[PDB]
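Below, chains carry the letters A, B, ... as their sequence lines are ordered, and counting in each starts from 1.
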Amino acid sequence: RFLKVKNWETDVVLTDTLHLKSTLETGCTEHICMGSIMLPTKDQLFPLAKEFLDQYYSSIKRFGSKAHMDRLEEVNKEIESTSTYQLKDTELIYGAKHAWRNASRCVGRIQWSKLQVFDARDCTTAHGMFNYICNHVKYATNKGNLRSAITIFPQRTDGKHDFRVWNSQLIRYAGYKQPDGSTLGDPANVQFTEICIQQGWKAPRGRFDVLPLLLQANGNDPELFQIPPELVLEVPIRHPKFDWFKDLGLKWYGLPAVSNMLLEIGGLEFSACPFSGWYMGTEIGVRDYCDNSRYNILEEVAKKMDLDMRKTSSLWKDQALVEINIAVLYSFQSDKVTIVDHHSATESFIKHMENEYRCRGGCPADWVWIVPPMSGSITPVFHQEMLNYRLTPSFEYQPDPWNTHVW
Amino acid sequence: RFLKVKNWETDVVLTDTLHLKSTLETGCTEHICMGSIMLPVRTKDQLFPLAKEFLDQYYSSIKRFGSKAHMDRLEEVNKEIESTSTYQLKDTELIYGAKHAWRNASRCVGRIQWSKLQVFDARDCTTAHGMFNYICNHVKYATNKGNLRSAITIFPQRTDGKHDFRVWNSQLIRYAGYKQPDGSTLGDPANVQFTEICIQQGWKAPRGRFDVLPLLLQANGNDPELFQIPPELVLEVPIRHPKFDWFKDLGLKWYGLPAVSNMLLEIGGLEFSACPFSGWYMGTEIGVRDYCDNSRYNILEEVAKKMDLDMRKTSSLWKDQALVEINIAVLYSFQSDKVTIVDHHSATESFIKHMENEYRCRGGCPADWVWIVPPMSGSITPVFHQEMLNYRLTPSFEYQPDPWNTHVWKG
Ligand code: HEM
Ligand code: HEM
Ligand SMILES: Cc1cccc([C@@H]2C[C@H]2NCCO[C@H]2CNC[C@H]2Cc2cc(C)cc(N)n2)c1
Ligand SMILES: Cc1cccc([C@@H]2C[C@H]2NCCO[C@H]2CNC[C@H]2Cc2cc(C)cc(N)n2)c1
Ligand SMILES: C[C@H](O)[C@H](O)[C@H]1CNc2nc(N)[nH]c(=O)c2N1
Ligand SMILES: C[C@H](O)[C@H](O)[C@H]1CNc2nc(N)[nH]c(=O)c2N1
Ligand SMILES: [Zn+2]
């Protein structure tokens, strides 16, 4: 019932007790492990509400106190009467931060307590959503000195009235399928891009076209808006030693900001809750540039480096992969946009695991997502055993709305 | 029941039915995943069902399920278990069982090769000297002057668990480690403890950076005894780099034969506690782990120094640059000497084809993602994007605690 995690590099052993507060199902049984799988009523609500408020009042050193019980009562009366309830601001800030703290797939949680929360619960239209979003983008970007933030729109009601940001991230590049057969821009977005023009976007049909936001307010058909160009901070990609690099015409955006997830606090569901921090270098350099299904530029780069591409064992993919990543780090650093390397990020996360075991009795961590997609075993997280379990408040992946929604 | 795995690069979706034949526990629950935890005397009562499952499997595979031959063998094994409380595998059973332990090993990326395995039956062995000779012939046949062949040697099964055969080495060929009084280590820090046991047992240590350890062999539950593998039998490759002429002066070399000797082989409920097996290396096991783990030879600093990389900031990716170069050197050195080796690109592509063939032909392929994805260049290999199900089939290879912890010393 109490569980050990060992680091095989340092021999440090940690004891996890936090997992018995785990509630949700993980996808694994005694018979099958699904560690590597990407997607494994009034009655139901008050347990959830109670459980959250209990942890809330516990964290403010006020468990079992008058203010505590009074709130539990107020919330109970409200559920019994209205079919749901409203979070107080303090609870909302606590909820959001803890959802980040519980995010087992996030390497950057050392930062979890420094999260600016924008309460957009008074929002009522998509124009309103647009306005809240621009302000988020601008506050977070901060001329390159990036700041963690989240913006929280109205919670689920009867479920026919959801708020949703159709985009998967606030800022992403367009993708178009061409007559010659290939793909221009980002192949991850062909589908969404198509829906954009189908709803009326004047696509420039270029390679690095910042997509338009598609916002659904109050379960209504979604609407189009361009983020003011001057709010999207982009970085042109150059190498500190390879002068030809620039000529590939590579840029990326400074602000990673995930906008398809669902935040669950005390059993209430916030379906639109874009959040943003700052990039770990490998995310652009390894995944966005080098994935076969993405920009897929290894071949081009290896060529310019005059490497032996005749056989896999010359490790030309690997050599090129590293330089592409050196270039992403250099560029962001030279233009003074916050970015973190995988060595630094994973080191910070180990320090953070130690803190969470010391101070909380554990840290849910998903090793498959935490170990970077390059140079795994030279980073310390490779050698660290992790327990993965689901705590609330949480972030949850939700299905692309277009698959669902009717017009 | 059905279970789907998707590949996120190709969108290819596979369907696993084989997990339905899964027995042992994983260590995971509906509330906790332990997929990244390294580690998550048998009664008559429990043995006949395990013999029965296995022989049902064996006879299905040779297309004789339900034959007289099958039914007679069931009855015969039933009888041995009744009378002697264990049983003996036929040669054909042992061979099939050893091949399947490999096939079922979910942490092994090399399984496209599972059906080409040389089985050396050493179940007539009685002494450590006998074990030494069996092991020598294994090393020599497996090496084959650089053209490596997969092989396994199987010593007699557990009886009362008081008479176990064990190879105390974790691999047949490994380098010594020596802790210095200043706190540093000479040779392989991974083998310090075992090196000490060897020294305590009588070995005269050369005290160099690349000393091949002596075998330490237990037969019949007896205290183990030391033997030196004939040096002419230990094929080694000096490490050099194709463009960097200074690389050779680092002094590195490595052995050609990866041979795991610390695992327990389970077949039809029988336990084979000494069963060293060997294949050939994937380059990253040497170049990433052996040389670049901080707890191992740890040559990163030294390589980047000589490369004159900028080492003031981790964000120069100097560690990453040195890593690739060392791994280029390993593959180059092995290929130049005609010693079998496989790079991680080729090994993972081959594994993905094996996996797909396995889903078509068998209804699944249990796979441990954490172990199968290489420890460098993760996502530029096709396995990174592959969903995998991990579960446990028999026959199988299981981890054993080191014998020096459990062994009853006789004197
Ligand atoms: C401040 C710097 C941050 C760093 C360096 C960072 C690091 C990362 C990385 C590298 C990933 C992998 C994403 C992928 O592979 O697509 C990730 C995932 C994630 N992070 Fe963070 N994070 C940061 C801030 C945040 C914030 C502000 C939140 C929410 C408040 C958050 C919550 C999450 C969640 C829920 C995931 C999983 C997303 C998914 O399932 O696709 N992180 N984190
Ligand atoms: C033919 C060439 C082979 C290649 C390229 C290969 C590849 C690998 C690699 C790279 C590992 C992980 C090494 C580690 O992290 O310690 C591994 C693990 C393993 N392989 Fe293989 N393999 C081969 C042959 C074999 C053979 C002949 C067997 C037994 C018949 C085998 C059974 C295993 C087992 C049981 C593990 C997990 C070991 C553990 O838990 O420590 N493999 N394989
Ligand atoms: C807030 C923050 C900080 C640092 C970095 C980020 C980067 C932007 C986050 N990455 C976006 C790319 O996301 C794709 C790739 N990894 C899983 C997919 C998204 C995804 C897909 C599916 C099926 C499930 C799931 N949970 N996530 C975000
Ligand atoms: C047959 C064959 C072919 C190719 C490569 C091999 C590689 C050489 C074998 N690797 C040996 C070093 O092994 C350490 C490091 N990876 C797991 C540990 C051993 C280990 C430790 C623990 C706690 C559990 C476990 N199951 N294995 C074998
Ligand atoms: C199937 C496998 O889980 C999938 O490719 C994962 C692996 N690890 C990952 N890790 C991160 N951070 N992000 C990802 O998108 C993935 N993809
Ligand atoms: C903690 C974690 O399970 C451990 O470091 C694993 C990760 N992946 C591995 N993969 C392989 N092939 N071999 C290993 O020894 C390990 N070690
Ligand atoms: Zn699991």
Interchain contact, [X] with chain A, by part (heavy-atom threshold 4.5 Å):
X        : answer
B:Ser22  : both
B:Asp343 : side chain
B:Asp293 : side chain
B:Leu331 : side chain
B:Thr23  : backbone

For a quick test of reading the model, state the closest non-hydrogen atom pair linking [X] to [Y] and the distance between them.
X        : Y        : value
B:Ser106 : B:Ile372 : O-CD1, 3.6 Å
A:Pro372 : A:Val381 : CD-CG2, 4.0 Å
A:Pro256 : A:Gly254 : CD-O, 3.2 Å
B:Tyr391 : B:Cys365 : OH-N, 3.5 Å
B:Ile326 : B:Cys292 : CD1-SG, 3.6 Å

Those residues of residues 346-356 of chain B, ordered by number, that approach chain A below 4.5 Å (heavy atom to heavy atom):
B:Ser346
Members of residues 30-40 of chain B whose heavy atoms come closer than 4.5 Å to chain A
B:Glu30, B:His31, B:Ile32, B:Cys33, B:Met34, B:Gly35, B:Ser36, B:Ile37, B:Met38, B:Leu39
May I ask you to decide if the ring planes of B:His241 and B:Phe244 are parallel, tilted or perpendicular, using 30° and 60° as cut-offs?
parallel
Using the side chain to side chain contact (heavy atoms under 4.5 Å, CB included) rule, take B:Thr394 and B:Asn104 through it: C-alpha gap first, then chi angles, then the decisive distance, then the call.
CA-CA 7 Å; B:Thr394 49; B:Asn104 299 339; 5.7 Å; no
For A:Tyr289, all residues meeting ring-ring contact (aromatic ring centres under 6.0 Å, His included), sequence neighbours excluded:
A:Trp252
Would you say the rings of B:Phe384 and B:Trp8 are close, in the sense that their centroids are separated by under 6.0 Å?
no
For the CG atom of B:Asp290 and the CG atom of B:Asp188, what is their distance to the nearest 0.5 Å?
7.0 Å
Point-to-point distance, once rounded to the nearest 0.5 Å, from CG of A:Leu315 to CD1 of B:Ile380
8.5 Å
If we define contacts as heavy-atom pairs under 4.5 Å, which of A:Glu25, A:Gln319, A:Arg294, A:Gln333 has the most with chain B?
A:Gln319
Please determine, among A:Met386, A:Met374, A:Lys317, A:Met38, the option with the most heavy-atom pairs under 4.5 Å with chain B.
A:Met38
Per-residue contact mode, A:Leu20 against chain B (heavy atom under 4.5 angstrom):
neither
Does anything in residues 297-311 of chain A get under 4.5 Å of chain B by heavy atoms, and if so which residues?
A:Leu298, A:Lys311
Between [options], who has the most heavy-atom pairs with chain A when the cutoff is under 4.5 Å?
options                                : result
B:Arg392, B:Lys6, B:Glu325, B:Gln386   : B:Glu325
B:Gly378, B:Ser315, B:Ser295, B:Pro242 : B:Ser315
B:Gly27, B:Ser316, B:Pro375, B:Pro366  : B:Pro375
B:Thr29, B:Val373, B:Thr284, B:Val288  : B:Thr29

Crowding at CZ, B:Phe2 (>12 non-hydrogen neighbours, <6.0 Å):
no
Apply the test side chain to side chain contact (heavy atoms under 4.5 Å, CB included) to residues A:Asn260 and A:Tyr397: give CA-CA distance (whole Å), side-chain angles for both, the deciding distance (0.1 Å), then the verdict.
CA-CA 7 Å; A:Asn260 58 189; A:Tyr397 170 95; 4.1 Å; yes
Evaluate the side chain to side chain contact (heavy atoms under 4.5 Å, CB included) criterion for residues B:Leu323 and B:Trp318: first the C-alpha distance (whole Å), next the side-chain angles of each, then the deciding distance (0.1 Å), finally the verdict.
CA-CA 8 Å; B:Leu323 181 58; B:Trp318 66 265; over 6 Å; no
What verdict does the side chain to side chain donor-acceptor pair (under 3.5 Å) test give for A:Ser375 and B:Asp320, after you've listed the backbone C-alpha separation in whole Å, the side-chain angles of each residue and the deciding distance to 0.1 Å?
CA-CA 6 Å; A:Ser375 295; B:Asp320 311 74; 2.5 Å; yes
Less than 4.0 Å between a side-chain N and a carboxylate O, is that true for B:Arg362 and B:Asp16?
no
Apply side chain to side chain donor-acceptor pair (under 3.5 Å) to the pair A:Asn325 and A:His342, showing each step before the final yes or no.
CA-CA 10 Å; A:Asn325 277 274; A:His342 56 291; over 6 Å; no
Is A:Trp367 close to B:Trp369 at the side-chain level, that is, under 4.5 Å between some pair of heavy atoms?
yes
Check the side chains of A:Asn292 and B:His385 for a donor-acceptor pair under 3.5 angstrom, ignoring hydrogens and angles.
no
